[PDB]
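S.K.: in their complex positions, the first chains:
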Amino acid sequence: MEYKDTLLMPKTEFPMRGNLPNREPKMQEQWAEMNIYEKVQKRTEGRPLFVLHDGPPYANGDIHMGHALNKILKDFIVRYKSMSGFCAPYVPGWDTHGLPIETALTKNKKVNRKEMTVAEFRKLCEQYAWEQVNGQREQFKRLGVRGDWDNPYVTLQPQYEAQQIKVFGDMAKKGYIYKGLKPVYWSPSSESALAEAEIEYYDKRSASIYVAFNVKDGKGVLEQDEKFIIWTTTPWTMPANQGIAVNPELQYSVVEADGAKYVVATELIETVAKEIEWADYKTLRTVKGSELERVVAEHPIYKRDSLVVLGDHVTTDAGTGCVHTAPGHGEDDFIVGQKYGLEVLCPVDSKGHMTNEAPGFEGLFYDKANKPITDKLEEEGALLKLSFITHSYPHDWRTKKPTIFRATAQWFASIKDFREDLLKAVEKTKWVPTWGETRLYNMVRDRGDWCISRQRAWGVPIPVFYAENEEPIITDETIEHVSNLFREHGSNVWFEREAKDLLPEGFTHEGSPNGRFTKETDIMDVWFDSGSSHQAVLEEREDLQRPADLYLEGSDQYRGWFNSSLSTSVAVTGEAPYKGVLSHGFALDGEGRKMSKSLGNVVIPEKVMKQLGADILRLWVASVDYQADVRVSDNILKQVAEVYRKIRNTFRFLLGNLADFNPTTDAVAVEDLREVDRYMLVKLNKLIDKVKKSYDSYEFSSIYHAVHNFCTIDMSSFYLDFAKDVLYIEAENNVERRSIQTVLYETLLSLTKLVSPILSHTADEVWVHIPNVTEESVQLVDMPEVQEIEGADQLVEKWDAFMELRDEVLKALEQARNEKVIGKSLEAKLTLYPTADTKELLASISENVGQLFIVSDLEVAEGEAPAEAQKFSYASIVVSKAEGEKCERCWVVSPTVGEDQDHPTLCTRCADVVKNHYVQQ
């Protein structure tokens, strides 16, 4: 069809389809060639600092959806702050110590820790961590996250290790760090101790046994015919037994059951009667618990003496009232054991095997030793009832294997001494979400003492020496000298040098007469490694500072990084390491379930960027309420990708219709342009404030919907459809067109900046094509600032009413189309019977209201109720087919067609345009 060449069609090299999986890597390569992170940090050099301290992810395996969610949220804030008058350094980190690196390394080539020196094994661990760090670094940078990826912090760095030593020493000189014997969580699979924060409770099968302890010395309160009934679910602790615990205040009874005399707490007589399946049980004598103290009983197996002891831990809620007591396993057994001087017998190997202190079961795994023990109890007749019951049991954090209690000398951290200062730090830090304040406050007050000793090789050694008299040596001189050595040669010097070589020259200890010294071989828990980041990173580096403004990790870090960082920082500095905390939820599937490999519901970040691209994944992050748990799936991302497509088309339209627009000259003053064009500018400015405030308040979901509605409803539904009849049909320098292009140019420039934090790849793609831009990247400009328009309030009042009318005419047009009256709006004549208020609104409008409704004919009658034709709130509307022939250029139905023999198929406007602007009269 002719006259198609006489239209000003959109023209832009910005493609309709982004092809993000193949385009984004080019953008990322171009960003790196720019050194964009250095450019932004140098442009904002003289700006108030905003420091978001990166929590160190563990350097093992590929990044999961939680890693992408965490890093993308951080990237949003750092990018926004870099464009809002702040200097926003970002130093990503990595946690590179602990058991997981050791276990993965061992089976990588079936290498063994016993075939290599500890120093050699650690060096391979360091190599493995660096390989994992590099893999995660390139995956993170594929997400589009900007940062100092070439100068990260890793916990294996000698400078990091040295600073961690100082943090340990400061807590040591303040009395917070102490050593002592205590039953602690132990993982036989890991052959090292654990902590309550490292223990998860899972259900397991256990043997519930009722054992009989026959009395040896009744001490005038019991006879020898009577026996004590203990109940335990851990038969492997029986070889460690040292006594029977009874509650002093509780009343105990002697029971005649099945021809035997049994001692059981009175309140649990019938409960035990059901369990042991007694027949005709009679109560003989009732006694008080304090009477039973120091009564001598006999161990069923070894026939040694068990001392009846008084303890509060005895409860009538579950059991027999008489509690088997072994100080080696169980803390409540230990406290009462030390009260009476009972021996701390712990006959379990570091690998879970019974040692020489358990005759008849030596060299057996404890779970495999339960049956020989229960059999031995039956042989002597001490076994009363055996029933297997499933119950909650402590388990290892990663190996998911059961953990037992062993009485071993470890190192601990006393939160109690400075617990008040922790509380003041909990309230002084802003918490988003708000309930996090209560979560950490209850954690601090209910906290016990933090065990910090691990019997592993890969980690930071405990910088403690021992003299000849076996006394711990922790002075400020020793801590400082160790820290300097770790700074110079790393933590491996602790395992390749003698203890005398790790102390200052000429070091003398009053407990060491011959100058002989020994060194601790334990290492710190990795929660101490990651918790010292505020000292080794925030305060060590020039580009950062302490406290950091923000700490952004998941909700699982209230027990971890949020807690460990506070404990060390308050201990050493007296204040919190963060000015505020932001917490996000976990990533779930579409069904709302946790992702697991067995179910196959895991969404891999690598596959999302291979199939959809990073920008979509970031747009998903902005679309969800991160502060609670979120969902993501193939269908959920497809919905986001459709939204991203709508936004991208909005950008392409702006660029396409600005191809002939010079912002330096062709721009129209806001006063001089039209009201409807000025109305869109006000809406743009309303959008600018909402997005910036939503960025400030960290409400990114609001940004997601605000831009989505602006692109779909405000721009494409009304303004872009309305602008087609001017941008395409009218002359290039038509005053109405230049006013439209001016609003489009303003909309394009501001919207590109607004979405730069989130759609980082697309924003720079749009930015290059924007006319009259003089910066390399949109990241190098500040956010748009709201401008107030003269008479904005009156302008909004008038045109908000017009939009109400426009919605009503749109419904009427849709109904008319459904009744086969018109195929499109241009084929329609709209006659309006309005209210007097509606009429005065239409008289105040100087624009072609028919063109604003995209119709060929608009009539406002003098006033007469029609024959029941589309009654609406503002007016009654009749939709008629327009009269005349259709112009072959703008497809309007007007009688003006054919009034000029030159171009006899065109209307007056289109004939003039070709005559005067393509032929020039």
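M.R.: Received, thanks. Residues are numbered from 1 along each chain as shown, chains lettered A, B, ... in the order given.
S.K.: and the next helix or strand past the lengthiest helix in chain A?
M.R.: Longest helix in chain A by number of residues, with DSSP state H as the criterion: helix A:792-818. Sequence-wise, the next helix or strand downstream of helix A:792-818 (DSSP states H and E) is strand A:828-834.
S.K.: check what contacts the following helix or strand past that following strand and list those residues.
M.R.: Following strand A:828-834 in sequence order, the next helix or strand is helix A:836-843 (DSSP H and E). Where contact means Cβ atoms under 8 Å, 6 or more residues apart in numbering, the residues beyond helix A:836-843 that reach it are A:798, A:801, A:802, A:805, A:832, A:834, A:849, A:860, A:874, A:875. Where you see a C-beta, it was placed from the backbone N, CA and C, and this is true even at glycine.
S.K.: and stretch A:884-897, by the same measure?
M.R.: For stretch A:884-897, the external contacting residues (Cβ under 8 Å, 6+ apart) are A:1-3, A:6-7, A:725, A:729, A:826-827, A:856-857, A:881-883, A:898, A:904-910, A:913.
S.K.: go again using 6 Å as the cut-off
M.R.: By Cβ atoms under 6 Å, 6 or more residues apart in numbering, the residues outside stretch A:884-897 that reach it are A:3, A:729, A:826, A:856, A:882, A:905, A:906, A:907, A:908, A:910.
S.K.: please apply the same query to stretch A:4-13.
M.R.: Outside stretch A:4-13, the residues that reach it (Cβ under 6 Å, 6+ apart) are A:655, A:656, A:657, A:659, A:728, A:914.
S.K.: could you point out the longest strand of chain A?
M.R.: Longest strand in chain A by number of residues (criterion: DSSP state E): strand A:199-217.
S.K.: paired strands for that strand, with orientation please.
M.R.: strand A:226-232 (antiparallel), strand A:296-298 (antiparallel), strand A:383-396 (antiparallel) (DSSP bridges).
S.K.: looking at those, which is buried most?
M.R.: strand A:226-232 (a mean of 23; mean count of other Cβ atoms under 10 Å).
S.K.: next one: it to chain centre, how far?
M.R.: Distance of strand A:226-232 from its chain centroid, counting by Cα atoms, centre = their mean, to the nearest Å, is 50 Å.
S.K.: name the residues that touch it?
M.R.: A:210-215, A:244, A:254, A:261-264, A:297, A:319-320, A:322, A:324.
S.K.: helices or strands next to the helix or strand just after it in the packing?
M.R.: Later in the chain than strand A:226-232, the nearest helix or strand by DSSP H and E is strand A:243-246. In terms of contacts (3 or more Cβ pairs under 6 Å, 6 or more residues apart in numbering; DSSP states H and E), strand A:243-246 is packed against strand A:305-310, strand A:323-325.
S.K.: can you add chain B next? sequence is:
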Amino acid sequence: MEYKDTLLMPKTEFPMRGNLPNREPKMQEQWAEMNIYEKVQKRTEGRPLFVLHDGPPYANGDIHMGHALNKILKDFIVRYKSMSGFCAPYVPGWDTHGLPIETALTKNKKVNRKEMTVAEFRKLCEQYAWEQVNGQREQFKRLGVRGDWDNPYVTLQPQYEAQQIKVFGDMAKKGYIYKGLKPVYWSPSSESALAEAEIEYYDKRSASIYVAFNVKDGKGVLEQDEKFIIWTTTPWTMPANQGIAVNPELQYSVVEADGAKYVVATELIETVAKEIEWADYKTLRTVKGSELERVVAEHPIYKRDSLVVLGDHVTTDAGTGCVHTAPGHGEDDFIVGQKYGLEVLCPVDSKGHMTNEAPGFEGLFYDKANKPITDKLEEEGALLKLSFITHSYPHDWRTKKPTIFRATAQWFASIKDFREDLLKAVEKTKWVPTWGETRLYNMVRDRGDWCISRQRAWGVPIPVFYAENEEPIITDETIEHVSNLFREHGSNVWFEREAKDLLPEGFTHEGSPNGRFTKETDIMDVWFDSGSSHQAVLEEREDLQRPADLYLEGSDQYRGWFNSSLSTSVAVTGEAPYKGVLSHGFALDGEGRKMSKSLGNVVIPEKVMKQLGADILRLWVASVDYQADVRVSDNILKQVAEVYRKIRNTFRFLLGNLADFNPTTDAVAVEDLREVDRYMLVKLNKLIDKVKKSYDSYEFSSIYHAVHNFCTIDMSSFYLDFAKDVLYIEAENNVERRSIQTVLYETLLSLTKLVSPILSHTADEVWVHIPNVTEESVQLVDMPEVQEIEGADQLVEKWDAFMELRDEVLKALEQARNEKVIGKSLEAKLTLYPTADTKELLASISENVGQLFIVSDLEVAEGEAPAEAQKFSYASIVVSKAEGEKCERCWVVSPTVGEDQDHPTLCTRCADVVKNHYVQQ
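M.R.: Time to bring in chain B:
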């Protein structure tokens, strides 16, 4: 002949605009005359029984959103079951006994109880209660909820009271009912005892004091110059002190602080030192709490003995380690008080005023007595610290005024004697959400005995007689006789006649040799009234049975109706009253804040029904995940109205285009149906399966989204989009048109039946206009069943690919019109450059794909795609202007237009249709 007169436009009496506020009442009047509930119950009288027992709402005021949510949720299940092969009797209830109704007549109306008897006053209470029942009944009926509204149950009914008396008697017979002197919640405003279910915790500002108790005799452990420090926020409990409670296994230290020696717990010394603001405090000695048992302390005011007592309840979490023990104002104080034989002193009366047992403070309100006590304490030199704090405090359920603890003789139900049976009953019940099992399991395990006696007038009497020896009389003979009298005369007979006339004719009790008897005046707890509804309704009504299938109430009923109904039912029957329980959350506003008259964020069902209609509110209930707290505002409902309009438009299209369709003659069998038509039937069968399975799982939001998507993307956007061309233009008996009408008629029947439980008003509105229908209402038919379609897997495999192709085609068409290439899809030629798979798909479709794309021309090219082509996954598409002339009838652009000289403006198809069917026969 006008060409528009030759189009088969839709014709139906179903209005486009619902006008639900003005038309739903007419529907409800039509239901009322039908006796639709009676008809449904009779139609299904042989069907198996499903019982959803209605929880009785209090009849005091208008219904709120929680009520509307509850009933509509109940109405969903009862309606669905009645259509799913069950008999579903729904019997609404009302709780009519209670203090709020008693208070309203006393205060709001001009009723003085001096002028009338108690029985006459209760008659007024019944009259006021009935008015509220009638008011709520109409409001509930306006929601559209079906049920036996004309024969409901109320707690004041003589039969209801007769069975409640039976419940008391059976529990009393089993020994679960007793009268005892124990501390209970007491409301001074109501002058009555209370229960934790009738307690609301509010913030209260009280005075926090620290009081020194001098030591009278240290018994070799303490010294005469040493003192106990106690902490309390209730100074009015000081006159009732009897001793100092300590924890037997906590360590207590004698601390000399600012020239005074005090006894506090070791772990609380620093906390105490901060509150009293001690300057110099030193720990002198240390003893365990067990050693302090014999110590006798001095009461600060009255100088009487204060026995140090040992108690497990004494905690180190707040105040000092020493708690002042008043057995008459606390549960834990009473337990230890009985252990040591302490006097149960309650110097406060039922009106909250200090009695003579508190010399120096007699006649004062407890709040007004705190200041004199603290002043006297300071004058005696025992007040170490006075502070004012704000903390959560128990308040009255009705008056919203703070309560106190008073030791009084009340009636209790001993849960402890059958708590094992309750817990087993909880585990044999299904809970949705599942966590509701944990809530009741923990509540039953951790609860005390239930105080069931109230000192009010409006409620069921406690059916106990007392003899001359003042011993209680509860026998099966007396309980049945009272129950018979209550069934024939009502509960007022207890307040009208005397005790002798309330006993059996010949009654002999050894405790009344003279024959004189007395009757208890206390009434039952309103929770007992509601908690007996299983015996008083399910076992009494012959259309119901016990156990009920389902209890459906809010999350506030785990302590309320669910617990009390379980407690009475398990006591009397040994089983739970319900097979399963469904819990819903509370209704919030758009921001998620609780509704409040202060904020003005309350959504009133009465207004919603007057401005939007019940069906919108019913549609919102299905729209939310009711099993947790939900949100609703005017904007939220307006969003739901948009969804309703789409659904109503879908129904209006089906009715309009089935005007000429008679199923008896014009139906096309599935074998003779087209593939795309059978493909729609396959998708319809999938809708049937998911919707019915979602009703069975109580997952209504699934039905909400499934129906919305089916009407919008599967029907309005896809099937109805190309059905218009056949339906409006082709001949009436055209087989393609009949095939579409067959699918529409099948969908119209299934859709109306599926949505009947939710959009009840609109489903019956559509059902009347459905062609060739015999049943009076949609409620009187069963749900549609899923029928297999041959080749469904192959049908879905193909046409799903076609649907995805069409969406890409639609995206291409939308882009073309935005570039002024076309104005309408009918003005376009589609040129497709398909992939290899797409080429196969388009060859396997026997239908006119160009017709299915609503275009005038389609061309699948074999050449390379041009550079300007729109790239997509399935194909590269070029949208051009269709060649030819537009047909005046069907608006298609074909070269065949202008061939028929009899119809110069018609294409070949339209010209033949007019000539063979509209000009001729």
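S.K.: once more on the contacts of strand A:226-232, this time with chain B?
M.R.: Here strand A:226-232 makes contact (Cβ atoms under 6 Å, 6 or more residues apart in numbering or on different chains) with A:210-215, A:244, A:254, A:261-264, A:297, A:319-320, A:322, A:324.
S.K.: may I have the phi/psi pair for the closest residue to residue A:720 other than its chain neighbours?
M.R.: Ranked by Cβ to Cβ, 6 or more residues apart in numbering or on different chains and with sequence neighbours excluded, the top spatial neighbour of residue A:720 is residue A:653, at 5.7 Å. Here is the backbone geometry of residue A:653 (degrees, to the nearest 10): phi -60, psi -50.
S.K.: and residue A:653, how far is that from residue A:20?
M.R.: 19 Å (Cβ to Cβ, to the nearest Å).
S.K.: what is the end-to-end distance of stretch A:902-912?
M.R.: With Cα to Cα, to the nearest Å applied, stretch A:902-912 spans 10 Å between its terminal residues.
S.K.: return the set of buried residues in it.
M.R.: A:903, A:905, A:906, A:907, A:909, A:910, A:911, A:912 (16 or more other Cβ atoms under 10 Å in any protein chain shown).
S.K.: just checking, the first one is part of a helix?
M.R.: So that's residue A:903. No. Read with DSSP: H, G, I helix; E, B strand; the rest coil, residue A:903 is coil and lies in no helix.
S.K.: any idea how chain A splits into domains?
M.R.: A:8-14+A:633-790, A:20-154+A:547-622, A:204-397, A:807-883 (automatic domain parsing).
S.K.: tabulate these (JSON lines), appending distance to residue B:574.
M.R.: Putting the domains of chain A into JSON lines (distance: least, Cβ to Cβ, whole Å) gives the following:
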{"stretch": "domain A:8-14+A:633-790", "distance to residue B:574": "47"}
{"stretch": "domain A:20-154+A:547-622", "distance to residue B:574": "38"}
{"stretch": "domain A:204-397", "distance to residue B:574": "18"}
{"stretch": "domain A:807-883", "distance to residue B:574": "63"}
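S.K.: of these, which is nearest residue B:429?
M.R.: Among the domains of chain A, the nearest to residue B:429 by Cβ to Cβ is domain A:204-397 (21.6 Å).
S.K.: chain center to that closest one: distance?
M.R.: The answer for domain A:204-397 is 46 Å, by Cα atoms, centre = their mean.
S.K.: sorry, back to before: now the contacts of strand A:226-232: which count as buried?
M.R.: Looks like the contacts of strand A:226-232 have A:210-215, A:244, A:254, A:261-264, A:297, A:319-320, A:322, A:324 buried, using 16+ other Cβ under 10 Å.
S.K.: mind listing what the closest residue to residue A:614 other than its chain neighbours touches?
M.R.: The shortest distance from residue A:614 to any non-neighbouring residue, by Cβ to Cβ, 6+ apart, is to residue A:144 (4.7 Å). The neighbourhood of residue A:144, defined by Cβ under 6 Å, 6+ apart, consists of A:614, A:760, A:761.
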